[PDB]
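Chain and residue survey
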Amino acid sequence: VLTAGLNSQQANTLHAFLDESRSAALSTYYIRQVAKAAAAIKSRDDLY
Amino acid sequence: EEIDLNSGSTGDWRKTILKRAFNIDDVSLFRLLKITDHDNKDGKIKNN
């Protein structure tokens, strides 16, 4: 109900900011819980 | 599916999309309904 009050400019600022904030959490959850132990994935640059 | 369009109903996700597609709040969405349908007793409409 707050996203529905945005215009076209502030929505594209919102959805671009959420994708940058999801990726900091989806990557760090991948390394700790999802990534295999054989591939020594330690940081997000090792995830790239 | 019913969509509750009263001025003071925190409805489902379908009312939110009507606010995002039309760029209005709950209050102007109830008045948009009365411009459209004077014969509507409640706020609920069909999803036609």
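Structure determination for this PDB entry was carried out by cryo-EM, with a resolution of 3.2 Å recorded in the header.

Turning to the overall build of chain A, a few remarks are in order. Counting its secondary structure elements, chain A contains two helices and zero strands. Overall, chain A is about 45 × 20 × 10 Å in size when its C-alpha atoms are taken along their principal axes. If you average the places of the 5 positive and of the 4 negative side-chain charges in chain A, the two averages end up 11 Å apart.

It is worth spelling out the overall build of chain B at this point. When helices and strands are counted, chain B shows two helices and two strands. In chain B, the order of α-helices and β-strands from amino to carboxyl end is β-α-α-β. Burial analysis of chain B (48 residues in total) assigns 25% to the buried set. By sequence separation, contacts in chain B at least 24 residues apart represent 43% of the contacts at least 6 residues apart. Charge separation in chain B, taken as the distance between the mean sites of 9 positive and 9 negative side-chain charges, equals 2 Å.

Turning our attention to helix 1 (residues 13–22) of chain B. Residue and element names in this part refer to chain B. Residues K15, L18 and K19 constitute the buried set of helix 1. One side of helix 1 carries all its buried residues, which in axial view fall inside an arc of 95°. Opposite its buried face, helix 1 presents the exposed residues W13, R20 and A21, each directed more than 90 degrees away. Next to the buried residues of helix 1 lie strand 1 (3–4) and helix 2 (26–36). Just beyond helix 1, the residue with positive phi is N23, at close to 60°.

Residue and element names in this part refer to chain B. The geometry of helix 1 relative to helix 2 is characterised by a closest axis approach of 10 Å and an angle of 85° between their N-to-C directions. Our classification of the angle between helix 1 and helix 2 gives roughly perpendicular. For the pair helix 1 and helix 2, the contacting residues are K15, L18, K19 and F22 in the first and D26, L29 and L32 in the second. For the contact of helix 1 with helix 2, the residue count by class is four nonpolar, no polar and three charged.

So, on to unusual backbone geometry. Residues and elements named next belong to chain B. In the Ramachandran plot, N23 falls in the positive-phi region, its phi being about 60° despite a non-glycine side chain. As for its position among the elements, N23 is in the loop between helix 1 and helix 2. Residue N23 is classed as exposed on the basis of its relative accessible area, which comes to 53%.

Thresholds applied
Here the residue numbering is sequential from 1 along each chain as its sequence is written and may not follow the entry numbering; residues with no coordinates are omitted from view. For naming, the first written chain is A and the first written ligand is 1, with later ones following in the order written. What is displayed is a subset of a larger assembly, so the values quoted cover only the displayed chains. Think of the side-chain values as coming from all heavy atoms in the structure, minus any hydrogens and water. Numbering of helices and strands starts at the N terminus; helices are DSSP runs of H or I of at least 4 residues and strands are runs of E of at least 2. Counting rule for charge: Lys and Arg are taken as positive, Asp and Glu as negative, and neither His nor the chain ends is counted. To locate a charge, the coordinates of NZ of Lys, CZ of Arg, CG of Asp or CD of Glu are taken. For every residue, the accessible area obtained with a 1.4 Å probe (protein chains only) is divided by the maximum for its type, and the residue is called buried under 20%, exposed over 50%, and partly exposed between those limits. Pairs of residues are marked as contacts when any of their non-hydrogen atoms sit within 4.5 Å. Note that the arc is computed from the directions linking the helix axis to the C-beta atoms. Here, axes are lines fitted to C-alpha atoms. For helices the fit covers the stretch in contact, and angles between N-to-C directions go from 0 to 180 degrees. Orientation categories follow fixed angle ranges, with anything under 35 degrees roughly parallel, anything over 145 roughly antiparallel, 65 to 115 roughly perpendicular, and all other angles oblique. Polar here means any residue outside two lists: the nonpolar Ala, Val, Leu, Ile, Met, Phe, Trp, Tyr, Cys and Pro, and the charged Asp, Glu, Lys and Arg; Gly therefore counts as polar.

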